[PDB]
Amino acid sequence: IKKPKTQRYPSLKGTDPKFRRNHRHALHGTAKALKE
Amino acid sequence: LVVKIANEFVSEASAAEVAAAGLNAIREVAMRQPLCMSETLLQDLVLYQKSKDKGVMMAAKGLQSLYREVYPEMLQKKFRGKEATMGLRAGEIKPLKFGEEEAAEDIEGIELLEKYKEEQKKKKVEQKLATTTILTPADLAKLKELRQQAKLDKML
Amino acid sequence: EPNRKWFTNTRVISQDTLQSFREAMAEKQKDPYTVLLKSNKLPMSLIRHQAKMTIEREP
Amino acid sequence: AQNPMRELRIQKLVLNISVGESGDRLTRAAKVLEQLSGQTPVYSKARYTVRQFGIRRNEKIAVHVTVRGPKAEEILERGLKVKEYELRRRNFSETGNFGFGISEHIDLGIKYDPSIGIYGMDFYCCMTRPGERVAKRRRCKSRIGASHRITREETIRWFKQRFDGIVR
Amino acid sequence: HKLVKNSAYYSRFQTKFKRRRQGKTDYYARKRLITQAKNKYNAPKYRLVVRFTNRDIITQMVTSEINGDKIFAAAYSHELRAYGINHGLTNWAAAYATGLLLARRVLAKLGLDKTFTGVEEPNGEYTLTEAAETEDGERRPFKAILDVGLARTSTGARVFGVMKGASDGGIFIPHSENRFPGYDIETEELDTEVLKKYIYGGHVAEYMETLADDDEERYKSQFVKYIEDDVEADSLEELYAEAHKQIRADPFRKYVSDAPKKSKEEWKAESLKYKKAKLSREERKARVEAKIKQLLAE
Amino acid sequence: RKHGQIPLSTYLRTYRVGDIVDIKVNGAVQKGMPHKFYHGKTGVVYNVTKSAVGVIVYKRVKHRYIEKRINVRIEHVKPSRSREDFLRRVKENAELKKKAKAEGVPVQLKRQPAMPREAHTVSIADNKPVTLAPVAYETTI
RNA sequence: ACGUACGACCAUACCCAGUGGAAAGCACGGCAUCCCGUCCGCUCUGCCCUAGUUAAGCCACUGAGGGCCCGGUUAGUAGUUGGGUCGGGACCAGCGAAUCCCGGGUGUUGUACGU
RNA sequence: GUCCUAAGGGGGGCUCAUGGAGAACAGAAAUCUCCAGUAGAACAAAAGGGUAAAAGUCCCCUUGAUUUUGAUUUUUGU
RNA sequence: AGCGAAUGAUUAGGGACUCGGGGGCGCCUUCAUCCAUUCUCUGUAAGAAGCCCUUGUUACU
């Protein structure tokens, strides 16, 4: 019985919707920060 | 008669079957005439639902439920239930009295039928009933449906 | 399974009742043309040493 | 032992009339207790149904009133004057309380009203020492010490000293 | 002949908490007081602990940690003698003054003392501190939650006097007006004048006026120190107003308690002098041998 | 766990995502329990809420493992010291390696298992050996 | 070190008896006008800190007390994992308890303000 | 054919079953008072688990016993 | 899952009994009715995707 593989960046599906909503906007903000 | 049934049948030395039969008979008499009770006696008999006998429990719960629909004021505030307490708080439930008969000046659901007719008139404009308007059978069916919907809303 | 009714008397009868029953049933056996009805449900179980002494006294 | 906060005092006096039946008799007994104590009495229902007593549960069968302060001493003095300042030794409890009973309330000095009738009473005097707030308060409630608890003998001597009574 | 307290009862006995056996802590309320939302993480939840003693009032800022509670700031009612109030340190006005002093101390310690100044003249109106117009932006007021302990929260309690003191000092304590000593349940309207009277201690003043008019002996028995230090019923309002002004001026005044004064080491030495000590193992064995000899003689 | 009051430091532990925690179901409080299985199991926090945390466990089914995400209240979870021996080791090894690089002398960087003991001298002064028979002579008496 | 407030472990802290308590702090206490709640100012709430008292709470000490806790032993014993072309349980390689008994104890500690 | 398939939420106050000792009628059993009382009561599992300033009981207001969308467990939809 | 002083018995001696039933001459009775009595308690971790410092983004706090 081999241990299943895991992903480096897991899917934010079961996470708190408020924290996910803030986190996506934070990702967009740092995205334009890196584009600048 | 109810006091004698309570004393002879529903007592501490009485058997469970005797108590259940007495409480069932008391429940039947209370369905036929509810004003026979005293409030203290009715609360005492409703307290028999905590009995370990299933028959005594179900007989006492039947008596309590009967007085829940009929006359919830005698029942204790713990025993009234949801709809009884809401009705007594809002004021719709009225005390039952000897010889009191219904004296409705208007038909049941006539206000709801008039409200539906006014809503239809308002919709037509956007696009008293018993005294003047003729009672159509379709209008009577709509009034019955509105009364059923209002009863369901009051139950909810 | 353990139960209290294993250790109780299952059939009891009094002195006068047993004596009257035995006397009546004996009077019924006196007549050979009279037979019982439902005899399977009737308590019919109730109805139905010189050498040793000499050997004891002298072996 | 002689410390002035170890002196015995009356915590309360409770007057009880158990009529055994509801209605006008209990109402007039409550009237008697109200006019005697000056306070509104409280009713007591039966807690279980007894067939041989003719009572049932939730039916009001008794009335009582609790009086404290010098009014309790005055009422106790009147009751003891009725009981001729004489008690039997069983009447004192092991916890330091005592009590007695009268058969006619007109012996207390109350007038005879023919509509009211005649009712007897149970007097129960509960004693205390200063420092019972330790066991009665809400925050930091504790227990009274064994040296501070009242003894039956101490209650008997206090009764014989104050009310010059005869315990026998 | 039942013996309820036997060895089986003592072995199956499970004690309560120590501070509940002492009757000092209500853990059911304390849990709801000290739980912070886990998505808010290490954000402290400041509580105004208020406790009332026969001769003192204890008001504190308390934070909760996993191994104990920390006192951020503390103000006591006996420290009002340095501000002027040397009479009636357990009444409603002294509770208000202690709450105001605690609020000023905690705001000075935080550094928001000038940004958050509450209502400077006490009016008796139901107000809560709101966001201040900071030059940087909007600064939310400092928040603390009231902890009355095992006090019955009736209308007119001084646990709400300390609450009003902190609310006038500048702490955002969420609160309602229905437990202030001017509220009528039937009308559901607060009486601002009666509340201000309780703020400035006018109920005590009219009590001394009524006693001086009717029962002079009871007045002299109760309000004896008021007579001795010559403070009147009409001067209480000015005394409490001057005390509030001095509290807002210098929140960290030091008061000499007039008690005997030594150092920590000196008090330690004195307490060790007045301290009976446990017997040693040798002494306990010697007295056990003496008891054994007494039993052998018996 | 005794009956009565729940200790209050259960509510004062701060929980973050990625932490390793175990599930000890408290019988007193019924709200927020996991299933009967997933009791005594250890997992990773993936979601933290106001009064509960989300734990990733790996259940086994047939010949494979399935990831499970469970929402368990803070009253039933406890910090796990499984990675305490890793965090203390990484901090100690980091500072020790920094000190060793500063000093110049290399040190042991990996934990070593139980090696056999080296040679030493045991003196019989005041510790003279006693001779033992297969059965004790006092026992034979 | 001794108190007070909030506490962490939650009987080494509990229960039953006695003995003592400098300083302050506690507590009992005194009064029912106002706020408030009661059959009863008992509890709660308001006012007093003046008087009285350590009587009780509380603290400390004592007990061949009950209970609880911690060590030795019990014991390399019971039990358990592998081996033999071992006997009709014992050896080999190893892991490894708790009772019963013998004793000890009878609370540590954080923050803040004081004595 | 009649009857039963169970009132939830918030806040506050108080302890239950039972035992001992006492009070005219009153006693085995009516009401009242004190002390002891780790749950031996109650909560709709008759000897399961859990609860004592409560999850029990009483009092005051109330129907979160309400709409909407995903996630997880028991395991395509439920 | 089932059992349960929530059980299984005893009732001779005491009553109430009376139309409960029945008999004899409205009256007594003979059984019988009951009641009064009593007995029985295996998960996770052992790193380069890890650790530390600095720095932003946010509508979350």
# chains A, B, ... in the order shown; residues from 1 in each chain; ligands from 1

call {"tool": "interface_residues", "arguments": {"of": "chain H", "to": "chain D", "cutoff": "8 Å", "atoms": "only C-alpha atoms (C1' of nucleotides)", "output": "list in words"}}
result
residues 21, 22, 23, 24, 29, 30, 31, 32, 33, 34 and 35 of chain H

call {"tool": "interface_residues", "arguments": {"of": "chain E", "to": "chain G", "cutoff": "7 Å", "atoms": "only C-alpha atoms (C1' of nucleotides)", "output": "VMD selection string"}}
result
chain E and resid 7 10 to 11 15 17 to 18 55 58 67 to 71 74 152 154 to 156 181 203 207 221 to 224 259 268 to 269 271 to 272 274 276 278 288

call {"tool": "select_by_dssp", "arguments": {"residues": "region 75-168 of chain D", "states": "strand (DSSP E)", "output": "PyMOL selection string"}}
result
chain D and resi 86-87+98-102+121-128+166-167

call {"tool": "closest_residue", "arguments": {"among": "B:151, B:128, B:82, B:4", "to": "chain D", "atoms": "only C-alpha atoms"}}
result
B:4

call {"tool": "interface_residues", "arguments": {"of": "chain H", "to": "chain E", "cutoff": "12 Å", "atoms": "only C-alpha atoms (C1' of nucleotides)", "output": "number ranges by chain"}}
result
H: 11-13, 18-20, 36-40, 52-54

call {"tool": "closest_atom_pairs", "arguments": {"of": "chain F", "to": "chain A", "cutoff": "6 Å", "atoms": "only C-alpha atoms", "output": "JSON lines"}}
result
{"residue": "F:47", "atom": "CA", "partner": "A:15", "partner_atom": "CA", "distance": 5.5}
{"residue": "F:63", "atom": "CA", "partner": "A:1", "partner_atom": "CA", "distance": 5.6}
{"residue": "F:64", "atom": "CA", "partner": "A:1", "partner_atom": "CA", "distance": 5.7}

call {"tool": "closest_atom_pairs", "arguments": {"of": "chain H", "to": "chain A", "cutoff": "12 Å", "atoms": "only C-alpha atoms (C1' of nucleotides)", "output": "tab-separated table"}}
result
residue	atom	partner	partner_atom	distance
H:69	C1'	A:17	CA	10.7
H:70	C1'	A:14	CA	8.8
H:71	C1'	A:14	CA	4.5
H:72	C1'	A:14	CA	7.6

call {"tool": "interface_residues", "arguments": {"of": "chain B", "to": "chain D", "cutoff": "8 Å", "atoms": "only C-alpha atoms", "output": "ChimeraX atom specification"}}
result
/B:7,11-12,40-41,43-44

call {"tool": "interface_residues", "arguments": {"of": "chain E", "to": "chain F", "cutoff": "6 Å", "atoms": "only C-alpha atoms", "output": "VMD selection string"}}
result
chain E and resid 35 37 to 39 41 66

call {"tool": "select_by_dssp", "arguments": {"residues": "chain D", "states": "alpha helix (DSSP H)", "output": "ChimeraX atom specification"}}
result
/D:24-37,70-82,133-136,152-162

call {"tool": "write_last_selection", "arguments": {"atoms": "N, CA and C atoms", "output": "compact mmCIF listing (two decimals), in the first residue's frame"}}
result
# COMPACT_ATOMS: atom_id res chain seq x y z
N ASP D 24 -62.15 27.97 50.86
CA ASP D 24 -62.44 29.03 51.83
C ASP D 24 -61.69 28.84 53.14
N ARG D 25 -61.51 27.58 53.56
CA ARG D 25 -60.78 27.31 54.79
C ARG D 25 -59.33 27.77 54.69
N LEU D 26 -58.69 27.46 53.56
CA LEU D 26 -57.32 27.90 53.34
C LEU D 26 -57.24 29.42 53.18
N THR D 27 -58.25 30.02 52.54
CA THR D 27 -58.27 31.47 52.38
C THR D 27 -58.37 32.18 53.72
N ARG D 28 -59.23 31.68 54.62
CA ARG D 28 -59.36 32.30 55.93
C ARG D 28 -58.15 32.01 56.82
N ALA D 29 -57.51 30.85 56.65
CA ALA D 29 -56.25 30.61 57.35
C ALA D 29 -55.16 31.57 56.89
N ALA D 30 -55.10 31.84 55.59
CA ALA D 30 -54.18 32.84 55.08
C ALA D 30 -54.53 34.23 55.60
N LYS D 31 -55.82 34.51 55.77
CA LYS D 31 -56.24 35.78 56.37
C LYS D 31 -55.74 35.89 57.81
N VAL D 32 -55.83 34.80 58.57
CA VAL D 32 -55.35 34.79 59.95
C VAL D 32 -53.85 35.04 60.00
N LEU D 33 -53.10 34.35 59.14
CA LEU D 33 -51.65 34.54 59.11
C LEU D 33 -51.27 35.96 58.67
N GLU D 34 -52.01 36.52 57.71
CA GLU D 34 -51.74 37.87 57.25
C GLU D 34 -51.99 38.90 58.34
N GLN D 35 -53.12 38.79 59.05
CA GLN D 35 -53.42 39.76 60.10
C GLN D 35 -52.50 39.57 61.30
N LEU D 36 -51.98 38.36 61.50
CA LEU D 36 -51.06 38.13 62.61
C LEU D 36 -49.67 38.70 62.30
N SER D 37 -49.09 38.30 61.17
CA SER D 37 -47.70 38.63 60.88
C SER D 37 -47.54 40.03 60.30
N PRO D 70 -37.64 41.80 65.40
CA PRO D 70 -38.32 41.81 66.71
C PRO D 70 -39.77 41.36 66.65
N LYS D 71 -40.40 41.41 65.48
CA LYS D 71 -41.74 40.87 65.31
C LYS D 71 -41.76 39.37 65.58
N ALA D 72 -40.70 38.66 65.17
CA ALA D 72 -40.59 37.24 65.46
C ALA D 72 -40.49 36.98 66.96
N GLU D 73 -39.72 37.81 67.67
CA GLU D 73 -39.64 37.67 69.13
C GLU D 73 -40.99 37.93 69.79
N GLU D 74 -41.72 38.93 69.31
CA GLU D 74 -43.03 39.23 69.89
C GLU D 74 -44.02 38.08 69.67
N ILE D 75 -44.05 37.54 68.45
CA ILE D 75 -44.97 36.44 68.15
C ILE D 75 -44.56 35.18 68.91
N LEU D 76 -43.26 34.94 69.06
CA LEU D 76 -42.78 33.80 69.84
C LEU D 76 -43.15 33.96 71.31
N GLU D 77 -43.06 35.19 71.84
CA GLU D 77 -43.46 35.43 73.22
C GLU D 77 -44.94 35.18 73.43
N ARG D 78 -45.78 35.59 72.47
CA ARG D 78 -47.21 35.32 72.57
C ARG D 78 -47.50 33.82 72.52
N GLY D 79 -46.84 33.11 71.61
CA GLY D 79 -47.03 31.67 71.52
C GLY D 79 -46.54 30.93 72.76
N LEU D 80 -45.44 31.39 73.34
CA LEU D 80 -44.94 30.78 74.57
C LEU D 80 -45.82 31.10 75.76
N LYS D 81 -46.43 32.29 75.78
CA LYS D 81 -47.42 32.61 76.80
C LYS D 81 -48.64 31.69 76.68
N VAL D 82 -49.02 31.35 75.45
CA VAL D 82 -50.07 30.36 75.25
C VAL D 82 -49.62 28.99 75.76
N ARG D 133 -23.93 34.54 57.45
CA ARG D 133 -23.76 35.02 56.09
C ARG D 133 -22.66 34.26 55.36
N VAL D 134 -21.73 33.65 56.11
CA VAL D 134 -20.71 32.79 55.51
C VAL D 134 -21.36 31.62 54.78
N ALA D 135 -22.38 31.02 55.37
CA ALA D 135 -23.10 29.92 54.74
C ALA D 135 -24.28 30.36 53.90
N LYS D 136 -24.67 31.63 53.93
CA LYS D 136 -25.82 32.08 53.15
C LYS D 136 -25.47 32.96 51.96
N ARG D 152 -28.04 21.52 71.01
CA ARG D 152 -29.35 21.37 71.64
C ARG D 152 -29.34 21.83 73.09
N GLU D 153 -28.27 21.50 73.83
CA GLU D 153 -28.14 21.94 75.21
C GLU D 153 -28.03 23.46 75.31
N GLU D 154 -27.28 24.08 74.40
CA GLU D 154 -27.15 25.54 74.41
C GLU D 154 -28.48 26.21 74.11
N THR D 155 -29.26 25.64 73.18
CA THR D 155 -30.59 26.18 72.91
C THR D 155 -31.51 26.04 74.12
N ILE D 156 -31.43 24.90 74.82
CA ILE D 156 -32.26 24.69 76.02
C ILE D 156 -31.90 25.70 77.11
N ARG D 157 -30.60 25.90 77.35
CA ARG D 157 -30.17 26.88 78.36
C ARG D 157 -30.55 28.30 77.96
N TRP D 158 -30.43 28.64 76.67
CA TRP D 158 -30.82 29.97 76.21
C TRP D 158 -32.31 30.20 76.40
N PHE D 159 -33.12 29.18 76.12
CA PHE D 159 -34.56 29.28 76.33
C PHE D 159 -34.89 29.47 77.81
N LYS D 160 -34.29 28.65 78.68
CA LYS D 160 -34.51 28.76 80.12
C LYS D 160 -34.02 30.08 80.70
N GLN D 161 -32.99 30.69 80.12
CA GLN D 161 -32.48 31.96 80.61
C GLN D 161 -33.32 33.13 80.11
N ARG D 162 -33.71 33.14 78.84
CA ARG D 162 -34.41 34.30 78.31
C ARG D 162 -35.90 34.26 78.65

call {"tool": "interface_residues", "arguments": {"of": "chain B", "to": "chain I", "cutoff": "12 Å", "atoms": "only C-alpha atoms (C1' of nucleotides)", "output": "list in words"}}
result
residues 15, 16, 51, 52, 53 and 54 of chain B

call {"tool": "interface_residues", "arguments": {"of": "chain D", "to": "chain G", "cutoff": "7 Å", "atoms": "only C-alpha atoms (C1' of nucleotides)", "output": "number ranges by chain"}}
result
D: 3, 5-6, 39-42, 65-68, 131, 134, 137, 142, 144-145, 148

call {"tool": "residues_around", "arguments": {"residues": "residue 26 (chain A)", "least_positions_apart": "5", "cutoff": "12 Å", "atoms": "only C-alpha atoms (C1' of nucleotides)", "output": "PyMOL selection string"}}
result
(chain A and resi 19-21+31-33) or (chain I and resi 56-60)

call {"tool": "write_last_selection", "arguments": {"atoms": "C-alpha atoms (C1' of nucleotides)", "output": "PDB file, in the first residue's frame"}}
result
ATOM      1  CA  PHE A  19     -10.202  33.802   3.821  1.00  0.00           C
ATOM      2  CA  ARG A  20     -10.270  32.510   0.235  1.00  0.00           C
ATOM      3  CA  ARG A  21     -11.931  35.733  -0.961  1.00  0.00           C
ATOM      4  CA  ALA A  31       0.509  39.789  -9.165  1.00  0.00           C
ATOM      5  CA  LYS A  32       0.361  43.418 -10.307  1.00  0.00           C
ATOM      6  CA  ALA A  33       3.159  44.088  -7.801  1.00  0.00           C
TER       7      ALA A  33
ATOM      8  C1'   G I  56       5.339  44.113  -0.259  1.00  0.00           C
ATOM      9  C1'   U I  57      -0.466  42.734  -1.533  1.00  0.00           C
ATOM     10  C1'   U I  58      -5.228  42.432   0.769  1.00  0.00           C
ATOM     11  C1'   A I  59     -11.853  43.995   0.427  1.00  0.00           C
ATOM     12  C1'   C I  60      -9.507  39.316   6.170  1.00  0.00           C
TER      13        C I  60
END

call {"tool": "closest_residue", "arguments": {"among": "A:5, A:28, A:36, A:11", "to": "chain I", "atoms": "only C-alpha atoms (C1' of nucleotides)"}}
result
A:28

call {"tool": "interface_residues", "arguments": {"of": "chain I", "to": "chain F", "cutoff": "8 Å", "atoms": "only C-alpha atoms (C1' of nucleotides)", "output": "list in words"}}
result
residues 43, 44, 45, 46 and 51 of chain I

call {"tool": "residues_around", "arguments": {"residues": "residue 97 (chain E)", "least_positions_apart": "6", "cutoff": "9 Å", "atoms": "only C-alpha atoms (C1' of nucleotides)", "output": "PyMOL selection string"}}
result
chain E and resi 77+80+161-162+165+199+240+243-244+247

call {"tool": "decode", "arguments": {"residues": "region 135-148 of chain B", "atoms": "N, CA and C atoms", "output": "PDB file, in the first residue's frame"}}
result
ATOM      1  N   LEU B 135     -71.028  36.209  -5.196  1.00  0.00           N
ATOM      2  CA  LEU B 135     -70.071  35.160  -4.852  1.00  0.00           C
ATOM      3  C   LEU B 135     -69.989  34.158  -5.995  1.00  0.00           C
ATOM      4  N   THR B 136     -68.978  34.314  -6.847  1.00  0.00           N
ATOM      5  CA  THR B 136     -68.714  33.333  -7.885  1.00  0.00           C
ATOM      6  C   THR B 136     -68.210  32.037  -7.248  1.00  0.00           C
ATOM      7  N   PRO B 137     -68.503  30.875  -7.848  1.00  0.00           N
ATOM      8  CA  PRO B 137     -67.937  29.628  -7.294  1.00  0.00           C
ATOM      9  C   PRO B 137     -66.426  29.545  -7.443  1.00  0.00           C
ATOM     10  N   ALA B 138     -65.880  30.094  -8.533  1.00  0.00           N
ATOM     11  CA  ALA B 138     -64.430  30.193  -8.664  1.00  0.00           C
ATOM     12  C   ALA B 138     -63.849  31.126  -7.608  1.00  0.00           C
ATOM     13  N   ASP B 139     -64.553  32.221  -7.309  1.00  0.00           N
ATOM     14  CA  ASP B 139     -64.122  33.123  -6.246  1.00  0.00           C
ATOM     15  C   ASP B 139     -64.171  32.438  -4.886  1.00  0.00           C
ATOM     16  N   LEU B 140     -65.189  31.604  -4.654  1.00  0.00           N
ATOM     17  CA  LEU B 140     -65.277  30.863  -3.399  1.00  0.00           C
ATOM     18  C   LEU B 140     -64.155  29.839  -3.278  1.00  0.00           C
ATOM     19  N   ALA B 141     -63.815  29.169  -4.384  1.00  0.00           N
ATOM     20  CA  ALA B 141     -62.692  28.234  -4.374  1.00  0.00           C
ATOM     21  C   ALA B 141     -61.372  28.955  -4.119  1.00  0.00           C
ATOM     22  N   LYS B 142     -61.195  30.133  -4.724  1.00  0.00           N
ATOM     23  CA  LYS B 142     -59.993  30.927  -4.485  1.00  0.00           C
ATOM     24  C   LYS B 142     -59.923  31.401  -3.037  1.00  0.00           C
ATOM     25  N   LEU B 143     -61.072  31.769  -2.463  1.00  0.00           N
ATOM     26  CA  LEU B 143     -61.116  32.171  -1.061  1.00  0.00           C
ATOM     27  C   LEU B 143     -60.785  31.005  -0.137  1.00  0.00           C
ATOM     28  N   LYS B 144     -61.266  29.804  -0.470  1.00  0.00           N
ATOM     29  CA  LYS B 144     -60.933  28.620   0.318  1.00  0.00           C
ATOM     30  C   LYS B 144     -59.444  28.303   0.233  1.00  0.00           C
ATOM     31  N   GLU B 145     -58.862  28.442  -0.962  1.00  0.00           N
ATOM     32  CA  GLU B 145     -57.424  28.230  -1.122  1.00  0.00           C
ATOM     33  C   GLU B 145     -56.619  29.267  -0.346  1.00  0.00           C
ATOM     34  N   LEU B 146     -57.071  30.525  -0.357  1.00  0.00           N
ATOM     35  CA  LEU B 146     -56.394  31.573   0.401  1.00  0.00           C
ATOM     36  C   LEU B 146     -56.510  31.334   1.902  1.00  0.00           C
ATOM     37  N   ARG B 147     -57.663  30.839   2.356  1.00  0.00           N
ATOM     38  CA  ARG B 147     -57.834  30.507   3.768  1.00  0.00           C
ATOM     39  C   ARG B 147     -56.927  29.351   4.174  1.00  0.00           C
ATOM     40  N   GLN B 148     -56.787  28.352   3.298  1.00  0.00           N
ATOM     41  CA  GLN B 148     -55.871  27.246   3.569  1.00  0.00           C
ATOM     42  C   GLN B 148     -54.423  27.723   3.619  1.00  0.00           C
TER      43      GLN B 148
END
